[PDB]
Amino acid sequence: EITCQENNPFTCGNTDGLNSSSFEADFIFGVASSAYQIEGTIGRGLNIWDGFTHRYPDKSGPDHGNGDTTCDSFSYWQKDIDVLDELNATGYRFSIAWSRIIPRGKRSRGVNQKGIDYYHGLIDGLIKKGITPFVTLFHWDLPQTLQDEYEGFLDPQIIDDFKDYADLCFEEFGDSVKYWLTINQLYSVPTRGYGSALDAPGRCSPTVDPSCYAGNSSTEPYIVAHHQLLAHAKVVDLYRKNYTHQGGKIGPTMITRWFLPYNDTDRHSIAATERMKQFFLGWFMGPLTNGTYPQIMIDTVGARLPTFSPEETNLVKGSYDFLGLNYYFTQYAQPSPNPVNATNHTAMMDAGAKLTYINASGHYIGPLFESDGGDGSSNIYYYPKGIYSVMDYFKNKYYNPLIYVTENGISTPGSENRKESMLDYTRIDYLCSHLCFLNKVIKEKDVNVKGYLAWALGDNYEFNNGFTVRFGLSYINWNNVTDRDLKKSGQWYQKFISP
């Protein structure tokens, strides 16, 4: 009988009690990163995260930082492999920057052979060290040219451009890469990129944010989500029909959260909680498992929800070999009005829920996850049991998928100095408390989870936050980015992996 802690203090940092041996022999342990966040712009074309951060610098982060040079994994990819080697990691999730290998967006315009070599050297070097690549095709960094030609995922033209790009990756790397992710966190771009405009490309309704250059927060998140699902499904079909000889697997990435009722004896809060599961998870998992959106979405969103043709439904349904599930935290849900007529309406209001980290009787859901200066009431708190509830829900509701936890991690303030940043005990607590529950749900519920990749390999540019927070298990000095030094969390993880 496995017992896991939900509340500080945690004791799962002791590798006597919890380590990789607790898991099956073949279970993959590693870390993750993404191209925009680590590589730098050297050697690649420009993408909408360059566009967005440069046009709207106050949305790139409070320090206006961006991915221009960041930790320069373009130059220092070997140092990233050295961190993985030191961890004795068996997996590394990284993304290919579309702009690095097809700077002009559309493949017929030519490929950047040097960009293709960069990823060949990286993939080799990982394989030389026994590290299994999990490669994300699209971690949000859409070539700027496509956003300017037809507004990227707002237009069905993205489907063939994304397909041709994916085809080049499979052809160039698929002999060595056996685990592909199509689109990172399906929920994020539609909502943050086209709904609240916190993220690239930064489209939204005029009264949601006057700085958006265009958009409609009420309709575009549904259009973009729909094209994501079709583009993803066309790539998975290309992969399974044309690259089956490579003997690899492909899946989408979901951002997952669990949801609990803000008041667990109030039927309206219970209803809001189940609506959140459908609107947050089901928006994508319903198409991915059934070829259709959830009924509550169909009913609420009405004419703003696109339909799949029969052919499209069939393409999308079952379009994965596994699911890359990212998990960070859980929210309480209470009812909220859905003012579909307000000029500031967003797709996110359609769920009819308000999300918090404190429930009706004042209980905070768990330990601090992220502090906010501009609003202490806007702090995020985490919930280790959330990973157990998510995995169990995916096995039960979504047909017992093969899962890899493709991100899980926590930030520490960028204010902290080097010695404080290195002593990141809060990160050990976050990681181990989640790993405890993950082992617990695999053993108790028999969820088919086969790996875990902590976010992040090293400190990097964090979307929306610049360099004001750090997520790395290894520390990077922004005055001299060459080194990646294992923090206490990375040293703990090294011992967890090889106890």
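Residue numbers run from 1 along the displayed sequence.
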* Return whichever of 137-145 and 309-317 has the greater mean Cα B factor according to the PDB record. => 309-317
* Asked: So which stretch wins on mean C-alpha B-factor, 24-32 or 434-442?
  -> 24-32
* **Most elevated Cα B-factor in the entry, residues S421, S95, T406, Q185** => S421
* By the entry's C-alpha temperature factors, tell me which of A200, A303, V224, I410 sits highest. => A303
* Could you tell me which third, lowest, middle or highest, the C-alpha B-factor of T219 occupies within its chain? => middle
* Structure fact -> Sorting the chain's modelled residues by C-alpha B-factor and splitting them into thirds places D161 in the middle
* So where's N112 on the chain's Cα temperature factor ranking, which third? -> middle
* **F467 - Cα temperature factor, lowest/middle/highest third of chain** => highest
* Asked: Sorting the chain's CA B-factors, does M285 end up in the lowest, middle or highest third?
  -> middle
